[PDB]
Amino acid sequence: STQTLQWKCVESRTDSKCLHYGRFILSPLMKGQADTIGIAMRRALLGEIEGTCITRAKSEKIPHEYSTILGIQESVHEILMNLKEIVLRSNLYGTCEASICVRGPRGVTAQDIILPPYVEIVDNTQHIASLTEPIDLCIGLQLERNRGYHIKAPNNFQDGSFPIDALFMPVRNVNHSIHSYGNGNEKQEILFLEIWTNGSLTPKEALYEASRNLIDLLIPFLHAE
Amino acid sequence: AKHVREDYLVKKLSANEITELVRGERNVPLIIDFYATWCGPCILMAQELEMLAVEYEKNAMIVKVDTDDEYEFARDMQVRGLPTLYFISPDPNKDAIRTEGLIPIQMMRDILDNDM
Amino acid sequence: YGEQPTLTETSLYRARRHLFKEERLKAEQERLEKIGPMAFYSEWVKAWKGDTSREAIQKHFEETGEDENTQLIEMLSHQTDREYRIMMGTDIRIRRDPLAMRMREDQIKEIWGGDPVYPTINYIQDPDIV
Amino acid sequence: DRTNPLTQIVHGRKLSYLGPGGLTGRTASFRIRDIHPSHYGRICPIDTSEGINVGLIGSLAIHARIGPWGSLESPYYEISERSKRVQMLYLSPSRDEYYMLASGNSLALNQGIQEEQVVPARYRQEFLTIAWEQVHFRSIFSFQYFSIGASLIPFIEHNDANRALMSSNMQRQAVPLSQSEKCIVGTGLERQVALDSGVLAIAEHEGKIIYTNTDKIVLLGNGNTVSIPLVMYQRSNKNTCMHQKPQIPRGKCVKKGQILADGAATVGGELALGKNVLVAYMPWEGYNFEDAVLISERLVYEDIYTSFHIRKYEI
Amino acid sequence: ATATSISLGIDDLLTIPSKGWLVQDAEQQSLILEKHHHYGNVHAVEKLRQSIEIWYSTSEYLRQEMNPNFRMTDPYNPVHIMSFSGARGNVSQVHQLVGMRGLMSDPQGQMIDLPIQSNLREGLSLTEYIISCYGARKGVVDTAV
Amino acid sequence: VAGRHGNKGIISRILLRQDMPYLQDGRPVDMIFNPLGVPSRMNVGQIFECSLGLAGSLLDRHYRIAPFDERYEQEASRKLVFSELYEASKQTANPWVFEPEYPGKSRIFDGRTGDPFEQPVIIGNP
Amino acid sequence: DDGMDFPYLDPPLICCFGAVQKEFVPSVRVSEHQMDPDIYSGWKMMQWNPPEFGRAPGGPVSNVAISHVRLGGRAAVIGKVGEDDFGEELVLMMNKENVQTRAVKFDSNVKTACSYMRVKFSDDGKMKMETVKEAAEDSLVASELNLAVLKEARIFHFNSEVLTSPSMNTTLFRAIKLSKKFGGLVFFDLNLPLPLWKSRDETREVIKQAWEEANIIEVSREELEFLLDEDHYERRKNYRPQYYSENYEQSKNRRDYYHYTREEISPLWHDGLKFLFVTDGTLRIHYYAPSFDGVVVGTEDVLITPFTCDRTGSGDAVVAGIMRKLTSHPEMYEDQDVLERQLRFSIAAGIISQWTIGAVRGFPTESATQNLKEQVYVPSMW
């Protein structure tokens, strides 16, 4: 009889290519609903959305992880560490392959990656390698889409296939607040949400996926048995 | 003595040596630093001059004068404050430059490059 | 009793803090009923030179279908991050007493007794220096 | 001991009553295991060795110096109405107890004269409170009565002196992590510890950095060209890596003695044995009972605490 | 113990209100007596026998007034709950953070003239901290003996 | 894992980021200590550092403080810490950094209930 | 110049005329002790034991203005800068700290802090220098004087450096005439440059015209004994009786804090003077008025922080505090008790200003100055 539930986006800043922020508001929520919505949405956003990333890097003519290469200022382990931060997008479950074959004194960035048709990078200037002298540099990579943090074994040696324990975190941070509405006798409350993502997704999409994963999870009970 | 490198590059010269340097023939810009030990801001000036003397390896000559030793000579050079630098052109046609205060090193570079 | 609190008044307010805090919070909540959410949540939303009163809100609702829920949402759309972060103190479960989030800088500086005599610029470094 | 740059420095400055021609841990009395009122400017009073040999092995004060005749000396500022030239002297224990060494301040004014204000002092082997007019010497250094380990504790004046021993002893067991990070709050002595640890690579000549590779740095200055080889990966006596890293890029200049390359747990020109982490003090579920900590997953997938250990098997 | 939660800040170490007067008055009698001691009014033993007695009486008066202060003004102070409930922390131990640590002892017996008139919250001075190290050493030459 | 003030510890559990208390800006806590350890060992010097660390993390500045700063003033460390906290709370609009009713403390929430722990908790960056 | 509608703001404005410079120490003499010509790591030992003229060394007028505005007052600066990067950064530094720059004139003819001289080898082989082109700071003409700062400002403050250049002599005298026509006081600071430390008679001839126009004068202890008699006032200081002391204080060989009588400073006194201040560093401040005189007692401490102590800029803070309390409290002129009470704020500011490296980096705040004043002085004094 009094008002209807409304939700809207009140702010969205693009601080950088791989960092996006978004604040949202909900309208006349009666008691108890706001806390449940806020806590469920925070948990879902922190641990339900899935984001693809590089999981295994294969290099040519390299003995081990802690080795040096002529003409490269960055050690191999440094290259793995720098390679873990590359952000990617996809929507299909399954592992894929990728490669990077670059010449010598260039300076290698994230735009030098070669990607399958359905995978694209979001930032295009993330430093991944620095080159000084002319040496042909060829590295193969594997891309995977999982949920949450996963740790992999060092198996599948080949010449060298170093597995990077990539973190599947598309949402950097989440916050919420439950204010008061002062609706006379009836106690209403205003709920504010706040999402920081890393550019793999965007607000109003991470929120969508996080709501849908939750409504996935709550569902078995509706069926009888 | 060629075995261990000198910690400080700026060489302290007396008044007469400075007179000989200015009077005699030169081919590189000359820097004259006025300083005293009791001086407050002169430690920073000494550090900046030491840094500047490394970038300009052989293209400039940097010397310093202690006003506690040569006071009348410093007074004659129209010095009215301790953190003072004198830029001397390698040619007698161009006039000298007097800079007062704790000037930044970049302006010093501009002074002895674009004006000397 | 006089101009400055005495050592007994302070040690008594230390015992009865929560009563005064509850009175302040009750007054702040009671303000919402008369004022209305629209005008109450406008002190922290600067750069919205509207009406903020539940007399012309009804006039706007008669002019356009927006009720006293979409005008509030519209004002809460030019808030800026800092103003929202400060406004969050009126949260239903944080409950900052109104006196705390409105004290002047002079009053807050008296908690530790003014600036330090030894300047803090001697301690401050830069996290990106060698 | 090469666990971390701190331990290399700490090991060199040690004193012990043990060894040939000295006392042992069994036939040592209890008075020899106490702080005499003379190990003040010379021997740290809160850094010793726990166990049976307690009070027999200690460290040196930061400003301490072995003077003539093998006597430890400490600096003190002489107060006299002549203004000689250098007002600081290196006092020996024999000349220490016959002077009145103030440790107070001149920030106190009464309706009379300032020279009758009272400050604590140290005459003979006691602690008096005297007027400013009968003060012969005045210690002015904060890092004068402590050692290297005890001077790395911020706000040490707020910690009980009982805990200082183990606060100092738990910094020599730190593991140099893979990537280092500087401390937000410190005492300012980390810079000199890093300088003197020997882990760094300091320039021995002037000039410009004309070549850098992650195996070497080549500098050109005053004609000759100097090559400095870096330490890429090595093994410590306690099975820990020692990984250096260049600091200044190509083309820039360095004076003598300035830093050229970093080292293990030495980000910047400063010592760095740990990481800054958000912390909340609260009993969570009994999982922090007694002295238990409850860390999060963020410390294991961002490599916040991750170190390389190299073991040497010889056959 | 979680839902309620407890923590130790800087303003929860609640020094009793009357310490401002007692320490000031204790300093006055130490100033007057040490000023008359130079006039020949009193001898050395009397000066020694009093500088030990003001700071012992004052310190033991703050300690006995700690709980009545806590139990009436701030019954739920985190330091009070931790110690009064018997979980962890003696009355003497709380007195070190709140109150006075005065009258430490020289290793060969005997008290030291200089009293530690500052908390651990306020922060000891250089001479006061060094005095507190005398009792620090004979805390580890005891656990090993 | 050990601090610089003699507060040692044994890691007991490792929790996912969604299962830990978060401040009023949503940032999950990275480590949880036991408060009772402070009255026992009597090392208050950590708490100061704790609070001060927070200020640094919110101001991009590092402090190099010599010991025994209580010679210039009375309770000088308190002035330093509280002034830095207020400056960090004012320059960056985070009114939870310096709560002017229990300075240095703030009311954190529960990571698995969305409820505020009933009493304010001291947080920092040690 | 009469354009205004509403009354002026609460803190009266201060007029700061001179040259804008960064970290400048005018007063230079021959120090007896030197600490190594190369190693600057040990030069700080000359800050614990100053050469008795750099005990509280004053600096440029911009430093005084910055210290005054940082103490809770309001100041404006008149000067000229070049169209350089240094000139554009000096005004930025002054603007960042609420110093009004409405009267700072930018010009392109001359360069900031750079003056062109010429080598003029004389008889024998002693070189000389003659100013061919003047520096930007000392190139202000009377036409470009902001006739709004002068009208509003209630105290006109300038230092003796402007007396070393020809054009600024006329410009300064014109500004003084304008300010006096508008009813403002004249504050004279005697931070003597090096060339003015040559002889007493020449300096007295040089500064007489400016001295006779001043309403308030502030000089150091050495800048007064130099102006009256250096040899006599140095022989009087180092004197101990051959047989027996006189009272008892003479039997303790304490430092010499001599309060000059009104018959010794009479040659430096005139009818228009309202105050004469002689500062022995931050230790003591002797104040002389038309009807009374006295000494305010203070202290100093640079060994409290031996590694971050730098006496440069303390005199500017002392003068700025004096001006701030003069403008805030207008009853100090004829009340000795209020005068003594309000003159300890300046001492506290001067004490704080010596605890950090850099003249402008660590000027104290008003709250910090009040805190130190209350912590050092007994409640009866403060």
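By written order: A, B, C, D, E, F and G. Residues from 1 in each chain.
In this text, a residue touches a chain if its C-beta (ideal position, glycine included) is under 8 Å from a C-beta of that chain, and two chains touch if they have at least 3 such contacts.
Should one ask which of D-F and B-G has more C-beta pairs in contact, the pair is D-F. With each centre defined as the average position of its C-alpha atoms, the distance from chain B to chain E rounds to 60 Å. One simple way to say how far apart two chains are is to compare their mean CA positions; for chain A and chain E this gives 56 Å.
In terms of their C-alpha centroids, the spacing between chain A and chain C amounts to 36 Å. Residue positions of chain B touching 2 or more other chains: 7. For chain G, the set of residues that touch two or more other chains comprises 33, 304, 371-372, 375. Residues of chain D in contact with at least two other chains: 105, 107, 142, 155-160, 162, 164, 182, 184, 280-284, 297. Each chain pair that touches appears in this list: A-C, A-D, A-F, B-D, B-G, C-D, C-E, C-F, C-G, D-E, D-F, D-G, E-F, F-G.
Interface of chain D with chain C (complex): residues 182, 184, 247-248, 259, 268-269.
Taken in their complex, chain D has these residues touching chain A: 212-215, 232-233, 297, 301-303, 308. Those residues of chain F that touch chain E in the shared complex are 35-36, 38-40, 42, 44, 47-48, 51, 68-71, 74-78, 81, 102-105, 115, 117-122. Residue ranges of chain A in contact with chain C, taken from their complex: 3-4, 6, 8, 10-11, 13, 23, 25, 27-28, 177-184, 189-190, 192. Against chain F, the residues of chain C that register as touching in their complex are 81-83, 85-86, 88-89, 93-94, 96-97, 100-101, 103, 108-109, 111-118, 120, 123-127.
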